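Respectively, the protein sequence lines represent chains A and A'. A prime marks a further copy of an entry chain.
Quick note: the first sequence uses PDB author numbering, first residue 1, plus one each step.
Quick note: the second sequence uses PDB author numbering, first residue 1, plus one each step.
The beta carbon of each residue, even a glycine, is placed where N, CA and C say it ideally should be.
2 protein chains.
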Amino acid sequence: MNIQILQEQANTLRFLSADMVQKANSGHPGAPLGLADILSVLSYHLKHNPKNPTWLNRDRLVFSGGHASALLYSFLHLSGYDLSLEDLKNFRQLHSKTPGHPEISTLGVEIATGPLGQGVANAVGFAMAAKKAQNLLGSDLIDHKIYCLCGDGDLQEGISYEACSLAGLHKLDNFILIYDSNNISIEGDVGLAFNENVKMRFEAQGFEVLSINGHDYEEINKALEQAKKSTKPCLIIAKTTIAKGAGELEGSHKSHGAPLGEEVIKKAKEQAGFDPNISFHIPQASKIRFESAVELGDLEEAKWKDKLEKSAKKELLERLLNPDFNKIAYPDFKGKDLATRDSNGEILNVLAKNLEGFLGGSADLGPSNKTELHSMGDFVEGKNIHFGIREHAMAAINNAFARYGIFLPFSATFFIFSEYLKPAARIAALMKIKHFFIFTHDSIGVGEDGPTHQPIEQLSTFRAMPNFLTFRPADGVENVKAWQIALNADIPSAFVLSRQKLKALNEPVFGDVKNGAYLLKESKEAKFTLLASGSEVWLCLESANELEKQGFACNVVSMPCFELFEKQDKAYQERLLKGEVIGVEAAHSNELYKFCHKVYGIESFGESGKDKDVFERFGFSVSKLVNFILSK
Amino acid sequence: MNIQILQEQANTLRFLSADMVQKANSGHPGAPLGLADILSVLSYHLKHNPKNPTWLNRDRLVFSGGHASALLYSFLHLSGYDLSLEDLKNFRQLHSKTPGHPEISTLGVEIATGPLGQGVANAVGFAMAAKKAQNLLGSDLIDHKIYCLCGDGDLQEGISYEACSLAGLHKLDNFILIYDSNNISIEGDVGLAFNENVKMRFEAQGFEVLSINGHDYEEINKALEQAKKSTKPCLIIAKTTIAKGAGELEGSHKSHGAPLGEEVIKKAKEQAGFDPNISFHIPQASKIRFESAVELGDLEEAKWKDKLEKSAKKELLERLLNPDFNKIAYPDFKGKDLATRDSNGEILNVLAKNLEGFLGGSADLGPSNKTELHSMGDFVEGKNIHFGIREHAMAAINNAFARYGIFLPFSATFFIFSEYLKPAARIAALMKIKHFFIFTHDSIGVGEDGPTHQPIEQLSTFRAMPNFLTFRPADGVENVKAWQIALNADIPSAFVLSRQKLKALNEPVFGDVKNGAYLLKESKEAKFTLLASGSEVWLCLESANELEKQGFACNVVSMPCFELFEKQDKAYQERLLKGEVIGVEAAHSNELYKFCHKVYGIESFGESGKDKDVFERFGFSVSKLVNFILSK
Ligand SMILES: Cc1ncc(C[n+]2csc(CCOP(=O)(O)OP(=O)(O)O)c2C)c(N)n1
Ligand SMILES: Cc1ncc(C[n+]2csc(CCOP(=O)(O)OP(=O)(O)O)c2C)c(N)n1
Ligand SMILES: O=P(O)(O)OC[C@H]1O[C@@H](O)[C@H](O)[C@@H]1O
Ligand SMILES: O=P(O)(O)OC[C@H]1O[C@@H](O)[C@H](O)[C@@H]1O
Ligand SMILES: [Mg+2]
Ligand SMILES: [Mg+2]
């Protein structure tokens, strides 16, 4: 560890990054060049095993500025991860292992980033998760750091403030945040849009704040040493020059987001002592020094595995890693009228009791979402997490809990406020992680709180989002079966739950919840089929009885999950969907036309009133639905 | 102005609020009771005309904690606004003027609130708008204050930090923020989730911070006096007790969100000297004192109208209030191949030149969204607003610009990051305000930036949202006609625009953009109709040519706006939608089943690659679409 080696290392990172962007004719060279000195030093402090990216006590590295991907990829390649030089040469190309922003399918990537702010919140979540894992497994087994690299953009996003608020409160002295302060964004000087006293901001949230030149190797190293000893979450404010090393592009906003150009790279390499007529060159000293992570990480993991073998907590870790969902005895809600917020809250309690790694909480709405895990304590000693009024950061935090390696997290709020966390929900879908979203107060049934609190379009959004199951159970029994699917599935799920009491259903006649839709009533030569979800299923059962009394044979279909029904074969769908099919939902859900000839929905916003008054106003009554179905 | 009158006034506000909640058996009495002393004093400082809620230079009052509605309504009633005592007795009832959270259809309500955080951001926007209005009209005509009441919940939301960041940067010394610091939220003690040094936080963002007892009338009054003289945006941290005055419920979380109960109200009234056996009682001194706002506000407005008549800026104000959209000469893009981000950016420039009140900006993406208004300067002297990486606050800010009274605002970002601002977009829809959303980079056509940057489900979301037009123009000409509709419509619109170059269309054969969908190609006895929007329309024109060469008559339908097409009559829809109708869109857009027998979409997330490689991978090619249409 000396200046000549660190300089060559940093420059190696620079020109791999620069050459990658240039070959793709696409990407972001500025931030890589600006961060290259920092990551060169950080490589000496990071504890990780390139050959086992799943090692539980590794330091977690997050690039919150995901546009800096070329740098990450360079570093994973150089350090010994399963990413090749040829992979680097296919940066940004279809089906490569080096996509434009980082994805977890590339080994070594902790969490997908790209949407700004998420990664900072993810890093706080990894730090919380680590403090919980320490609670469960002991500080002999869990003691690692969480390093996050962020930029101007990340810190302007609300979610950064939310998550850092929580990091201060919980005294996350395992969290180190490195701010790339280069005074440049896409619109140019960051002073056009931002002039906070960042040090004072973070100290207000309980951080220790260090301030460095991010191109001075000794200063970087001294800050990391001091940060690792902090009794607070720690922010390093690293002053850097965007595209450091790229001559005429140093400090230029034009370097943020477009290739540096062949002649600029040629000059840069000349000034650093690199041959300008070759690309993707790794000098020898740098190569050996970066790849020494392989031997060192192997040894650190072995030393840890020895501590595990002596630990009283081996059996526990194996249950966390291998949860048994099939043994769980769920509540039996058959014939019980209940609001599905209530059935779901009982289910949450059963899961928390059966699964040592199942935990979560609400965004200040525990008592209304019914998500309190009774007698299970408050984080960190217990399982209930009090996220505050921070839906977005809650979801990003729990995305990281779900990636940590031993946790099954849930996030809760009113379904209307799913919109505040939707970007993080999307990253859960993109990753295909097991993170459960609990959304109560699902419709105009909310009543008096009025239109700003009554979901209309949210079901469409979550249904349209790929890799994401949206369950809307009609009763407790459907709510159970939904959980059983959710825990076994390979993608995240949301639970869309009522404020108001719903009526228990009769048993399936054909199919079940696992088919997405199923028959509750089946009639030979059916003229109509009424298809509904959640709170609208009883309206449909009643309306079908009235239709039958009038001489019209009817099928009634419960559809607790649209996405699962889409996956059913033709023969199944044909048996359910007979005659003229009418879909009925307290939502604006045009997607139902995929399965329905007519849709009886809500096309406007809601109203403030008693639930029974609002449902009647919006047409959710037997007499009105039967008149629609009979077209008169 | 003395203690006995202020106490009676505050208690009048308390018991109207409490009695309203009790009669509804629904609502939030805690915050009203806690804020009642503050608003009693604030009533002496507020400049407003109850009989003309549109007076341009009124002080703007925002209740960011919209759950405190009962208090607002009590105050509007008492002050002389067109809200009656009978209206108060129908709190939270279907079709009343006193819905559970405030709505702009109730005169005197500045902006709809309810979703926490929005109002604080709205208040910053009203303060920016006021600084712009001052730039245009002079400080002789615009000099008012913006008062915002907020709670714990508002300040935990990210959007509060975003908006206050901007308030500091822009030195909004017309903005006064009153924080109801009662240490209680729904989950109880706020310390469970939040322990920031709030003073230090705000000072880091450029605020002056005062700290008071919010039940001491002289302290409240002295803070307001000092706040009105601040050279900074100012925060008053007002320590209050939730449900102050309600005995056993003082300081209780149970008072947040449920009626206080008849016996608690009886005691409260006894202790305050009010008769406990009557409800909705306004004592005489309080009545006369509150309603004096009528005479005083009339006089303040008259004095202002005199200043207007002497002003050089009368003609300008009349053009701002009465924009003439029909005279605008738009660019003629007929036959020109362009990315619609580019056509739209030319249109933005034309509008900014023709409309003195048209302004806006991007969330750090001006150069990529193509929204820079060239040669028009930077806010406040000019029209370009640099919002930073703050999509959510941008939208909430611009919602307030749209309510200020003289502005036509636009908000811009990548369509994928519409998800960060969607809750504010919703409030624009709920209010039916003229606020324009510019969303570029609309699909997998984005290419290399990959799946976190490629919209899939966002079209469904915006289509499903009521009162919101979603235009996805196929070329420059469609982009123009979309703007022409948008400016004349009574609801907000989004523009969904491409990164990549699109091909100019031939002229409509039947119908036009104003019908939402229209024919580009019409064939007698058509066997198929290919229906598309935006970038997919040329794929459809080409595929229809290939189908015709194979012997199949085809109609091609461009659908730049789904919502407008939904409103067309039967006869129009029937002429367009002939034979088997196939919808084609680079989105997961199941809503198309409303108009299409088959849908050829994207059902997964995207991929990082060259645009032509990704489109081919996802099946957007003539050969693949023709093979689907011919089912083989
Ligand atoms: C939520 C969000 N909004 C917008 C963007 C678009 N975007 C990509 S990088 C960037 C700004 C980069 O600023 P900074 O973090 O200062 O990066 P640097 O210029 O220093 O590379 C933006 C706005 C994004 N990725 N995420
Ligand atoms: C964005 C958002 N999330 C959640 C809620 C639900 N909600 C209503 S009031 C409230 C908390 C109230 O806390 P505070 O502002 O401290 O109000 P107080 O208890 O002092 O009345 C919440 C979480 C909401 N209205 N908006
Ligand atoms: O009866 P629930 O819906 O559980 O309570 C509704 C809550 O939602 C918000 O309006 C209030 O904050 C209130 O506490
Ligand atoms: O060519 P465009 O799409 O305009 O630039 C793309 C931008 O989007 C982000 O990935 C980068 O920040 C880059 O500048
Ligand atoms: Mg920067
Ligand atoms: Mg509070």
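From the beta-carbon of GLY366(A'), the residues of chain A found nearer than 7 Å are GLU187. Ranked by Cα distance from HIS144(A), the first of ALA167(A), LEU61(A), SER343(A), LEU155(A) is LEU61(A). As the crow flies, the alpha-carbon of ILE159(A') is around 42 Å from that of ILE278(A'). The three-state reading of DSSP puts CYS540(A) in helix, counting H, G and I together.
Within chain A', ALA204 have C-beta atoms less than 7 Å from the C-beta of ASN197(A), given in sequence order. Short note on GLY579(A'): C-beta not closer than 6 Å to any heavy atom of ligand 4. Near chain A', meaning a CB-to-CB distance below 9 Å, the residues of the segment 406 to 420 of chain A are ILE416, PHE417, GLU419, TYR420.
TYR404(A'): not part of any beta strand (DSSP E); member of the alpha helix (DSSP H) spanning 391 to 404, first to last residue. Under the 7 Å criterion on CB atoms, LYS422(A) is classed as interfacial with respect to chain A'. Around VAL614(A'), the beta-carbon contacts reaching into chain A at under 9 Å are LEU94. Among the bridge pairs identified by DSSP, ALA238(A) is matched with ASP180(A), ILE212(A). Taking a Cβ-Cβ threshold of 8 Å, none of the residues of chain A is close to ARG499(A'); the smallest such distance is about 12 Å. Linking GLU309(A) to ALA352(A) through their CA atoms gives a straight-line distance of about 27 Å. Judged by DSSP in its simplified three-state form, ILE438(A') adopts strand. Between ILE142(A') and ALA130(A'), the C-beta gap is smaller than 7 Å, which places the two residues in contact.
Around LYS370(A), the same chain offers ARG341, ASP342, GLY345 as residues with beta carbons nearer than 6 Å, after the five sequence neighbours per side are excluded. Here the segment 169 to 187 of chain A' lies against the segment 225 to 245 of chain A', with 3 or more beta-carbon pairs under 8 Å apart.
Straight-line measurement puts the Cα of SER533(A') at about 28 Å from the Cα of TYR420(A). Counting C-beta pairs closer than 8 Å gives fewer than three between the segment 502 to 512 of chain A' and the segment 428 to 444 of chain A', which falls short of the contact rule. Taking C-alpha positions only, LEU16(A) is separated from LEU6(A) by approximately 15 Å. In this chain, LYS89(A') is not harboured by any beta strand (DSSP E); it is covered by the alpha helix (DSSP H) spanning 85 to 89. With contacts defined as CB atoms closer than 7 Å, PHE628(A) and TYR600(A) qualify as a contacting pair. For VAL477(A'), the enclosing alpha helix (DSSP H) starts and ends at 476 to 488. Those residues placing their Cβ nearer than 7 Å to any heavy atom of ligand 6 are, following chain order, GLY151(A'), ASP152(A'), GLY153(A'), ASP180(A'), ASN182(A'), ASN183(A'), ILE184(A'), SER185(A'), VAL190(A'), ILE242(A').
With a threshold of 7 Å between beta carbons, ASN555(A) makes no contact with chain A'. Where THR470(A') is concerned, the enclosing beta strand (DSSP E) starts and stops at 469 to 471.
For a cut-off of 8 Å, the C-beta gap from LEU530(A') to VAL496(A') is around 20 Å, too long to register as a contact. Not a single C-beta of chain A is nearer than 7 Å to the C-beta of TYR81(A'). Cβ contact annotation for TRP483(A) (same chain, cutoff 6 Å, sequence separation greater than five): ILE347, in chain order.
If you check the C-beta of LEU116(A) against ligand 1, you find a heavy atom less than 6 Å away.
By the neighbour-count criterion, in which 16 or more other beta carbons inside 10 Å mark a residue as buried, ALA517(A') falls on the buried side. Sequence-distant partners of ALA246(A) (beyond 5 residues in either direction) whose C-beta falls short of 7 Å from its own C-beta, in its chain, are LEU33, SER255, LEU260, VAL264, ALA268. Counting the other Cβ atoms within 10 Å of the Cβ of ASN488(A') gives fewer than 16, which makes it exposed. When the five nearest sequence neighbours on each side are left out, the beta carbons in the same chain lying within less than 6 Å of the beta carbon of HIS45(A') are those of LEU224, in order along the chain. Residue-level contact check: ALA571(A') does not touch chain A, since none of the beta carbons of chain A fall below 7 Å from its beta carbon. Between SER443(A) and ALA258(A), the CB-CB gap reaches or exceeds 7 Å.
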